[PDB]
Amino acid sequence: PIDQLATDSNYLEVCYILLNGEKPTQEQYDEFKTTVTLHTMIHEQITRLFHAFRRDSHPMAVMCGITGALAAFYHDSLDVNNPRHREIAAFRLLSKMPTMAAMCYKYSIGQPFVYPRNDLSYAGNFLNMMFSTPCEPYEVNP
Amino acid sequence: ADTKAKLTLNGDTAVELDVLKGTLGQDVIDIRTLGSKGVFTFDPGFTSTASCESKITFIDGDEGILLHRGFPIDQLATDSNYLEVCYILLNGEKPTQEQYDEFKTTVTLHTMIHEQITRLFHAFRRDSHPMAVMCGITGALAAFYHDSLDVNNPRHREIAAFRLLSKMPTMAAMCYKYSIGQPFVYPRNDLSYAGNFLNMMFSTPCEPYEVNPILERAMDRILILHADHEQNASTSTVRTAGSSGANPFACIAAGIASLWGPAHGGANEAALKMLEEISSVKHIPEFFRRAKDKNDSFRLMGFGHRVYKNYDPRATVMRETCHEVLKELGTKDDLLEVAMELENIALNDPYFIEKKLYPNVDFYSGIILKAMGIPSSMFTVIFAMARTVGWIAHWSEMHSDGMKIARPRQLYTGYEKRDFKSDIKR
Amino acid sequence: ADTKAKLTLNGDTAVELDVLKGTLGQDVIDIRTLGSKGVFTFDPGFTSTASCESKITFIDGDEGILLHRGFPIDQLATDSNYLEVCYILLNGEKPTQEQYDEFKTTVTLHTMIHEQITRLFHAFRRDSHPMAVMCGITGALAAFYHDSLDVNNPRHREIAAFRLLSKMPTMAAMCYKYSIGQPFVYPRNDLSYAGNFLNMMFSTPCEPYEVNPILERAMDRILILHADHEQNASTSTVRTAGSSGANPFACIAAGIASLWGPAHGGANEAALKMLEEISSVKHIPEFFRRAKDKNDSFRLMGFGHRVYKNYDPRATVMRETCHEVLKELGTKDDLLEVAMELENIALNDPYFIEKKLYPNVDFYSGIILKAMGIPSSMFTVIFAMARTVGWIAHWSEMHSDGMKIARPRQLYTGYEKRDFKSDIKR
């Protein structure tokens, strides 16, 4: 039930549940969080695509434009029939969406992009990339 | 006030004019009505004309008095700090702890410059004079900070003032980083205005930078000592452009250009270079750099000033700071015997004693900045940066007053109406 | 002379001041040596103070008179062309074929801007007002053309003068193209000044642009009618920035921002809101935009002017040309014809009669530009681009005078000297 997931689980565990069909064992979850964590950054060239969008663009139009352009950069995981390519592709989108989402915002307001922080949770990592500046340390409110 | 109530002008009919008085300085003959009476004065340069009523800065040139909101410059340069002086110039009073806290908070939160504005720097030749880059960048601000351009709107001035106030040092320091090929440094919330500046100017991502309290306080003093200087030419440009309706960023950008005007004033452009290189302790100290004084360009090299007769009151605290900074920088300030010597040449040469080419605040500021490793091209960028608070104060005062638009007359001595009939067939 | 000998100023004893005589207009009282005594006048806005002696433009507002080097504006607009008027304004006399061909050849020879400045255009936002981008590029020219900044060298001055007259049209057109996302168009040596400008505005690589003869003339006349307007707020800004020694390019940038000035308000675009986005005689000029007039909401709209009492002398020829354009463009005009209702009201409506809201030159200029398919955000850019030669001439004459540094007095009414005591700790 959605209530139990929204109150008891966390986003990454729900992802594992939707993607694997079961609540992850500590180890499976650890490995899962590990694969996601290692694929958070977006190719720097993909980052230059943001600079070609009008600063005044709707972040949702920038998000569609950026996601629709991914295939040219992550050209090695495009064979949908290939079982391993789906793993890679899924993990890529899974890890990178918040990085791109947060960048849409930073770009839309004129602040520098924030790199993922391995030391943070999916939600905290997002709030960090969305609001922190290089000017002061940012502390994620629980 | 004796006969300071009234007086009269006499062309044909006796026109009575008030003799407005000040709280300090000379009285002024209110001629605001003469124009309508078909009477107009003639004063190119406005040396006999009070363009406004001001409460900001007071100067008695002969007696060397410089007051900012009534406070002597000495006390501000030694006791206050740049941000408090800004509050003083901008608000007219010494801030209560809380008012100062809130003030420092508003400034701190608006330090970063829009990343797009940062891309403008990359379009300037790396070899550009940082002062030309500074004028170009400030003059372009209005397109980015397009929501605070209504000068008539009281809240827009708050925003605009705070924007310029917070961002100038960020832009100033970037001009330098860009001019030498090092990456830009973001403001650090944990630092003071002076320390934050020294950080953005000199730190690299390669090692931690530690702000030296001596150089820090020394920079803070260079800033306060350049905060404002009454109705000079560059500030008069700020008021004039402003009364014309020009947005704050445009008026501040104009003030910067008017400020470095003398630098590229030909005689100054050439003489500053002569002094630039010659640091051989055999020419500057032994009348070589002094050999060329046909074209003066002295105020720029730190000698003499039209405002003050015998000395520049801003140089007191700066000289004392300068002596200290030189020491702090250990056994490296050896070739700086020319600093000791040029000063001796200014205090003892009959020519300098005659023309009163005394060392001014910039002779000493220049030494502190040179001692810090800052290139000379960045000297006016720093002075203009510090002067911005004065410009904002004068621009703002000009507004809240009555917004008397600059619409002067002219003595027309040109051609009387004549007919036009072209000589060309093109 | 009426009462034009000398005059007396009394307080206790008398002071004799000479009166200068102008060839046209009113004569003035010389007060240049007053401030050299202690006696200062008080005149905010300078409306009773001649700021300089000039021979460029004579205006007799109440008579609706405007002369450029003695030539009536209506004659120049009809029988001359922009460049010839530019030649006259700068030189004092009309050109011979020899002189004109030399001037023209030189102007077209330097119309192309440095390739690196084009990069600067792209760092700006696409949503930026064309006017702000214009001011931004003008204030950045000093970072490139740094070989003509010596305002004390007639060589630099003349070179700066030509680079501005040559490149301004190029700059303006590029501001339009950038805003609409169209490729920049290069200047054509074979096309006229106005023919080239329209081409740079409307050309495209998709096919060769055909310039309509009637439209080229219209544009040239717009440029002629805006070439100069005497000692106004913008020119005074240019003259004041220049008095300090500010570089040529920086001087124009301040004039541009000054001219942009009065259009930064809130209630100014609240009425301009309706004037723009709607086309119907029963919509705008009908109990909506008419009734919606809060702060300025007039001169900028094309109704009235502070200079002229009854009418705008410049508007006469602009009104005729508007007929030729409206007649010619028809299929791209007849919908905008609602100007007759705006004019009808500005003539037959009591509110407009009482406030003397006569359709100025910008009223007709606006109608034409709107019909030619030009966005209103380019209107003042076009006027500024045109006014630039006037700014250059005034700036040159200020220097011929000897560059009298603007150093006005002030009426100080602030605090007297007081000791500084600070309690804060931040």
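Residues 2-427, in that order, are what chain C shows, numbered as in Swiss-Prot.
Cβ atoms are placed via backbone N, Cα and C, with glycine included.
Database features, via Swiss-Prot:
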type	residues	note
MOD_RES	C:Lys283	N6-acetyllysine
ACT_SITE	C:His306	active site
ACT_SITE	C:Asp363	active site
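Structure with Swiss-Prot features highlighted.
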{"residue": "C:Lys283", "record": "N6-acetyllysine", "Cβ neighbours (10 Å)": "10"}
{"residue": "C:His306", "record": "active site", "Cβ neighbours (10 Å)": "22"}
{"residue": "C:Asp363", "record": "active site", "Cβ neighbours (10 Å)": "25"}
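Each residue contributes its Cα atom, and for C:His306 (active site) and C:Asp363 (active site) those atoms are 10 Å apart. You'll find the Cα of the residue listed as 'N6-acetyllysine' roughly 23 Å from the Cα of C:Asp363 (active site).
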